[PDB]
Structure formats: C-alpha cells, structure tokens
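In what follows, chains carry the letters A, B, and so on, assigned in the order in which the sequence lines appear, proteins first and then strands, with residues in each chain numbered from 1. Just so it is clear, the values below take in all heavy atoms, side chains as well, and ignore hydrogens, waters and symmetry mates.
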Number of protein chains: 2
Amino acid sequence: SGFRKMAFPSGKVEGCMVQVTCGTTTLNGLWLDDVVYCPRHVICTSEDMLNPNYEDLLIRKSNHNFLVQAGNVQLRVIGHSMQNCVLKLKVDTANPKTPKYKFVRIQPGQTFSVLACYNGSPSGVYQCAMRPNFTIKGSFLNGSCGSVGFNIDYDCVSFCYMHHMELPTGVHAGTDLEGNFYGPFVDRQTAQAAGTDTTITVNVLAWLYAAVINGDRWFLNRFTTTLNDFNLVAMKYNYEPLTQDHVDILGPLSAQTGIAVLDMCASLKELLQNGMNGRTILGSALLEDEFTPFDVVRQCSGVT
Amino acid sequence: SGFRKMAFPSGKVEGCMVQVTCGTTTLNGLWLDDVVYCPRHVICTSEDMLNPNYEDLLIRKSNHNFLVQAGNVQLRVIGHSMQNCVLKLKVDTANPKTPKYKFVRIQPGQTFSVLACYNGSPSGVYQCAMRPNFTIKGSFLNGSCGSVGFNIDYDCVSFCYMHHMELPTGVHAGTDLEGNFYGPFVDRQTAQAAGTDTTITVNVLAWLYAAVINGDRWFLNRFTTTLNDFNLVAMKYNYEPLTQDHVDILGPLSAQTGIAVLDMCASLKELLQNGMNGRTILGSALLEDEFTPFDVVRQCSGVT
Ligand SMILES: O=C(Cc1cccc(Cl)c1)Nc1cncc2c1CCCC2
Ligand SMILES: O=C(Cc1cccc(Cl)c1)Nc1cncc2c1CCCC2
C-alpha cells in the first residue's frame, strides 16, 4: 500500500540524452537511432529570440556548426533539417543504447515522466500531467530545453514531450517529437496566453479510488448523484465535465472498490462544496488531478 | 522555475536489479560487483514469518537453493551469508553494469529516491524522506521487498535503504545495505510500534525558501522571531526543534532570497498558528517537509 507521484524508471531515456551546441547556445538532444532531436531555438541568439526567422537562421548553419556530444564522445553530423519546431540532426552512428520507442502525441489530462537534463546530463525525474490548457507545471531551469517527457510500456518508450520554454507565468510549454507545440504556443520571446485551465475530473475521481484502496475512506458518504447533477457542480468549480467515456474508464476502479462511479462523484461533489475541513487524502490537503485511472491501477497492481 | 518532488535518474540502479528466489519466495536483489544483496526473509515461508529463526532457516539452504536471475540470465551462486537482516549471495560474475557506489546510513529527515521493483524489474521511481521515526511513507506492493533507496553524487550511487516490510499501519520499514533496520523494527510478522513522528522543520523552512525562489511570497510577513520563541511553536505543533546547525544549513537559502532564517521562522510560525486560509504554496495546501535545504538548492541550481 501507499500512493506516490511515481515516475517511470528513466534508464532507457538517460541512454538517449546528448548535448547539442550551435554557436553560443547549448541545450539537450534526444539521440534515437542515427538522429538527434532538439528544439530549433538552439540556432538562435538572445538577439534572435524576439521574432526569429528560423528558416533564414538555419540557412546560415552547416552540419559542422551543430556540435553534438554524448557524454564525452563527439558525434559526426551528416545531415540537418527542421521539422516544425524541432531540428533533426542526422549523425553517422546509431545510438547503441536506443530503446524500443515510439513518438506519440498525448492527450490533455494524460500523464508522463520528465527527465530534466542540463548539458546532456540527467539531473532528475518527475511525474507530470499535460494540463487541459496544454501547459505542464514542470521544474525546469536554463539549459533544460530538449529534456523529454515519456511513458514506458514494458520495453517500449513512447516519447510524448520535448521541453521548449517557460512562459512569463512560470509554466512550461513544449512540443511532441514531431516538433508540434502542445497548445497555441510559438517559439519566440513574446507574451503568450495559456488558456483557462480546468481540473481533470476523471483523474481526481481515479485518485479518490486510490485513496479508498489505500485505507482513506473518510470522504465517502451516504449519497449518490447523476452525470447531469455532478456536471453542474464541476461547472461551478472549474472541473472538466464528466462523460460516459470517463465513467467507462473508471470501471476497473469502481469494480475493485465496489463503489459505483456516480457514488464516488457524490463524494467529490461534497468535497468540492464543503472542502476538506482541515483533513487530508493520501497526504494531500487538496484534490489531486495528476493521476489517471491507468496510473492508479498500475501503481496499485505493480506493472513493471 | 517550478518545484517538483524530483527523484534521481534511476538508470544506474536499474542495471543492478535482479530477481532472487528461494523455495517459493521471490523478491528483489541488488547486484553490485560479484555480490547480490536481498532481505533475509526470502528464506522464509508464511509459516516461518511469525517468529523466524533465521540462523536455523539459513542452515537448511545451500548456494543452489538461491535462484538469482538478472533479466533472463541465471547467475551462479558460489557463496551465501547473512549480515544482520540482509543476505549476501556471492555470484561468479561481477555485474558489468555496476556503478561507482557506496553504502550509507542516512539520517532521519534526509531524502532519497526509491526504485520500486517487482521480480527484479523496475516499475517506478519516487522521492522519499526517512521520517524522524525511521519509517518511510512509500508505495510498495507484494514482491517489492529488496527495492532500494539511494542518492546520486554525479557518478556515485550511495545506497541508503533496502525495503523489507509494510507495518500494519501502511508505512514502510527497511534496512541500510549492511542489513541494519532503520528504527526499532524487526523482520517478523508482529505488531510493531512506529514511534511518534514529527514534521522536519528544517525541510519545511527549506521548502518555504523554494516557494520564495519560485514566486510564492504571500506567506511572508512583517515579523521576526527567536530560536526560543519559534521552538515553543514547533513544540505545540509536533515540529522538530530548530537548532543553530539547522540555521547554518539554511544559510545558502537565506542568502539567495535575502530573507533571514529567523524571519522565515516567523512566517512558518504564523502558518502553523493560522493555517493556509485556503491558499496554496508551490501547489500544496499543507506544509511540505520532504525537501532538504540541499534538495532545494540542487533543484533551484541544476546539479546533474
Ligand atoms: O524559455 C526558455 C528559452 C526560450 C525563450 C523564448 C522562446 C523559447 Cl521557445 C525558448 N528556456 C527555459 C526553459 N525552461 C525553463 C526556463 C528557461 C529559461 C529561463 C529559466 C527557466
Ligand atoms: O511486509 C512484507 C512481508 C514481510 C512480512 C513480515 C516481516 C517482513 Cl520483514 C516482511 N512485504 C511487503 C512489503 N511492502 C509492502 C507490502 C508487503 C506485503 C503486503 C502488501 C504490501
């Protein structure tokens, strides 16, 4: 028993991290097979970042201008190209540590682990959720660009995120591994509105089931509700509307605990309307939304 | 910016995990050089665990009874011995993936990453604190025994914890890598009193400095206090007494923010006496104590 914000073991991803330097900028790259992926802003200087013309800036660059280092060995760059906001540096050597991998575009509300890196070296790992507004509330410093988010399915790493920038509000923005930004963000130093965020209802409910599984049952009540009645409460408290698809994904957790989904919805309704009354749930004094129903089942069953 | 419960990259530890089977029990082992370390209760059956005579139980076991598997290759056991509550299985092959390592006995209040494992395979990684009462509030299921806690200093892994058991209260108990239990715990199925726990004051203060560094300054006030006055408050709220040694370790954070340690103590005093008033600090509605002053500086500077 116990419930923690658990990240995937980062080993397979650590073996892919490289340092990419272009001119005076150094950031992280992901070396998979004979290709190194990194944010395209590696080709800019502080003068360029207000409104960069990436096509023009990339034209002034040749293969020999991109310095790629894996630990202490230099990789030879034989090709370079830009795909959306990522650069793809073809190197002459396939990464011997390349794991079985996929590039996936995760959905808002889904979770993933981040391996924060500086100068191609891993510093730490943490679990994140892609916010409904397509930002991530990560922990990143200068030099962290190019650090990636991923999930692991037994031996396969699905890379879902590459870190690009911190918004003036302290939240983080980035791309999928094809270079497409999550959200409306662009890679330039400008004020950028992150949309209105909401709490991931299905994840909060999944976390309430995790609490029941781990002995925390104080919040359970004698009430039930309907999808319609619950959604009126979710509306008032900036929670995502709950659908039958969400109920269906909560099926395994409903079966494990013997607490019907709408009865758990009634517990959530009372917690939203009344607060916690100074009590805690799984060591938290607020409603946690960064655990999916899958994360809860995985952590409560032991999938390796 | 941003602040997360960050674990160390687990790669160096993943390469050490093996499966150890003895009779009908399977748990995890740590393969370092030509030795496999695992909890000694691997030699017991459910009949034995009420009050095991480990010396006698180990006598009925020969090298060939300990089945050690690293992924899919079988290791040949050439020696076995018991050191406190750990078994040391000498194998004929040094682990080629053995990192630079140390065995350390961490102090209560210190933090470390845990790599939860099942059948010698890593499933997840999370950051923990050794509670003042020598328990850890981890996330462990059946088969997790032998999973280890560690810290990483550039290339050196300091192993500090091996998981042994879950107490009837849902908290976790284990040993250092010499087999000595943290706390008064014994490896037998009996009711075992975990002592009164306290909040790690120095860590809460370190986390308040992390909040200031990351823009959360609402809790800062016009007040100061003294070590004596603050310790009276800490006494009432089951917080560890603050000493000049704690003030000294908070020196770097005091210098970074320009907020004197005793002024931060006065903020903590008001938060303890008044609560949060429905507000949050770094995404938490309670006072976090599982970040040391070192963890805060590391996460806020970028040590890899
Ligand atoms: O945001 C950027 C650079 C940048 C500027 C403008 C556009 C783009 Cl795409 C990238 N790097 C960064 C990433 N994550 C965190 C922190 C930083 C830099 C300050 C410290 C925090
Ligand atoms: O506690 C034990 C077995 C055990 C029993 C008595 C003494 C000793 Cl040293 C070890 N294993 C375990 C570890 N962590 C978590 C969970 C479990 C088993 C139930 C599920 C949770």
**Request:** Under 4.5 Å, heavy atom to heavy atom: which of residues 118-126 of chain A reach chain B? Give them by number, or say none.
**Result:** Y118(A), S121(A), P122(A), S123(A), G124(A), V125(A), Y126(A)
**Prompt:** So which residues of residues 279-295 of chain A are in contact with chain B at a heavy-atom cut-off of under 4.5 Å?
**Reply:** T280(A), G283(A), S284(A), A285(A), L286(A), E290(A)
Return the minimal non-hydrogen interatomic distance between [X] and [Y], and the atom names on each side.
{"X": "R4(A)", "Y": "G138(B)", "result": "CG-C, 4.2 Å"}
{"X": "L141(A)", "Y": "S1(B)", "result": "CD2-N, 4.4 Å"}
{"X": "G11(B)", "Y": "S10(A)", "result": "N-OG, 4.3 Å"}

**Prompt:** Most heavy-atom pairs under 4.5 angstrom with chain A, which of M276(B), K137(B), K5(B)?
**Reply:** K137(B)
**Interchain contact, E14(B) with chain A, by part (heavy-atom threshold 4.5 Å)** = side chain
